[PDB]
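In the structure tokens that follow, a single protein chain appears in two forms: structure 1, then structure 2.
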Structure 1
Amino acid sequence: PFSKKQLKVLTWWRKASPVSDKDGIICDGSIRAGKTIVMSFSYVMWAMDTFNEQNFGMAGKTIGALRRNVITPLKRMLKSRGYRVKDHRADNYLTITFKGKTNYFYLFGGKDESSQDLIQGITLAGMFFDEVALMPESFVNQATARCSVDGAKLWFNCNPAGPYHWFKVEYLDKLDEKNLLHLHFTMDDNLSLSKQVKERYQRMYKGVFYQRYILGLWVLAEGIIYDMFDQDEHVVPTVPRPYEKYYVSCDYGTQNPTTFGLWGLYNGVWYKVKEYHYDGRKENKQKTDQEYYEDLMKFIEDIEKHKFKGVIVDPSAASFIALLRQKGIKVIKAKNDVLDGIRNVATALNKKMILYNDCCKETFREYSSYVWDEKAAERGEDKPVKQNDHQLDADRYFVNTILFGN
């Protein structure tokens, strides 16, 4: 059952609509708001109805994310309303056919400055951007320039960043200058969610991430990053427990500190059992891959080897990963996306999915000093100041790699 706002997304482009003159539409706001599915479905509906034998673009942060977030569920919905879809998996495009009409839908990723160059020779009757605020402005300009065919429209879907972000200042604050519609969504616009489910999603977020992902507000990131960390709630005594499973998580440094964290599952909660912290700068003696391999074996001497499920390491420590696999130790590549990892660590703390033994003392010193970069925020980037973060980067790899899936 669709809300009034959802129906506006489905109908704005029709001849009967007063706003069909507009060059495009922007939908922003909270998570779980039911905006992504109707936006992608209305995009296809619009394109099949208005053109034939034409090319259309669809882009996300990565192709993988676009398929997971948009394309997979869009195909299920299109099939149920009688659209026929041939997915060209290796070529990354779709052929869609409906009431004797046929159009083609090419899939893109937008990651950086190089992204604009990736395709400059295709010609398009339209462009759809999922998670536009995580894309480089350069890519969005390149792709808009390829929309040369007459009657072409631009479609934008996102959640908020901060208020100096290029998409907020150049697009949302210049609506009439670009001739765009704007609709803003919260969870009240998704009628398929009960009041009990909405409250469970609310409790995943506090502070800045609550303001962005629940209230749908473009608010500045400022000061202490993990301002929900609370020594009355998140710290427990250093005592033996009957853990069912273990991992180690690592932040590799030679000219900087290396760290390990031992993590143990027990009654549906992952515990940071203890921490390793070697500062090579302060000791006046740097360490080799071999020496860190040795220290890691000492660090895990006392655990049942059948319960130890491997080391989580960043791909940039490729030499270290090679030595570990040579010695028979399992290795898991860290999902290292910074802003996502930070958001998920905060959610883990908010729901007490993780807890810390009181021996993790360097980790706690970092929790009270890790801050957002104020200068970057005023330029529209959300970035941590890269200091006092060697335990916390490893904790982030653990949370983002093991506790969070899709």
Structure 2
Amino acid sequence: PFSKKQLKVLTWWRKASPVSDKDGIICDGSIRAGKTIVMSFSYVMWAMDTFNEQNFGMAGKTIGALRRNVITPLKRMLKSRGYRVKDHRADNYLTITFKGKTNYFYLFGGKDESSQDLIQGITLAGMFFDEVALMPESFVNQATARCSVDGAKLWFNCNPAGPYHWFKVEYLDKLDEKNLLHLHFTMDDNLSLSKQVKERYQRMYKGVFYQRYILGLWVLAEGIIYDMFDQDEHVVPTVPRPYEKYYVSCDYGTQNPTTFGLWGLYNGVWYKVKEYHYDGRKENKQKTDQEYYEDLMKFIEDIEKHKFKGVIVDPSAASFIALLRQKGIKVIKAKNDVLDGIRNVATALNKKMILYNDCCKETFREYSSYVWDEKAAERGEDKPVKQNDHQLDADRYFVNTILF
């Protein structure tokens, strides 16, 4: 059963609704509020019921994201209601058909050259944006220009970012200038949800990420990024444990410091067993790929190599990655998303999926100083100051690639 606010998303556009004159809808707020899937479900229903033989856009951060977030559950949900769907996977569009009417649903990604090629010359009767805060503004300005058909409606879905983000400033602060409907979603508005489940999700977030992703507020990112890092909780003695599995995580720099960190699984908790930290500036000598490889072997001398599951490493360290693969070391290219990895590291800290041996001294010094970019947040870009973040980037590469 859908909530009252979920049903307002499904029914705002119908003739009987008192808000059907609006040029579109903005649904934002918390995670797991049942807004994305029903918003997309309503979008298609609206488009099938209102036009015939027209084009409709649906957009995500990338197309793969858009498919796993939106299209996959949207398809099964459409099929069970009697909508016949033909997913044209390679061409990235769909045809949907219902009561004799047929429309075409093109899939886009904000950061894709295929998408930015097709968005130049297409005529649309509506546009849908999932994760709209994560997309580039220029793409969204250009996408809305392609909605020239008579009676086109723009639909926007996202999670909160900062107060100076272009979507807050240009769209949410100018609702009635653009004749847009706005509905805000907390976890109260998803009925398939016990408090036990809701209060479990409350425990996962603290600070800015709690205020954004649980409360649904557009709060500014300021000061200490991991302000939930407690040494009462996350630090442990440096003693041996019978670990069942291992990884090494790597932040690479000849210019800057290089860092290895050894991770070990024990009772469903990952432990940063030890750290390596070489800085060429302060040591007054720089290391080659070969020398770091030699250190990496010394660094993993003692662990049983059937338990060692490989090395995680930055995408921009390919001469190191090439060398390691000639030595037959399994290398995982790190996922590399900065804001999503910072979120997951913080969640792994809150949940205590990770702990740290008290020998990880450089990592703790970096926790105390890693801060948000004050000047960038006031433009609307949430990002760290990239200074003393080498152990913390390696740790992020680990948590985001293996845990999440």
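Residues that one form lacks are left out of the comparison. For clarity, a rigid core is taken as the largest C-alpha set superposing within 1.5 Å between two forms. Structure 1 provides the reference sequence; residues are numbered from 1 along it.
Rigid core superposed between structures 1 and 2, residues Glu113, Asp173, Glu177, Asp230 considered: the one with a C-alpha shift of 2 Å or more is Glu113. Core fit done between structures 1 and 2; CA of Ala318 shifted by 1.1 Å.
On the core-superposed pair, the CA position of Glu291 changes by 0.9 Å between structures 1 and 2. Comparing the forms between structures 1 and 2 on their core, residues 111-119 form the single run of at least three in a row where every Cα shifts 2 Å or more.
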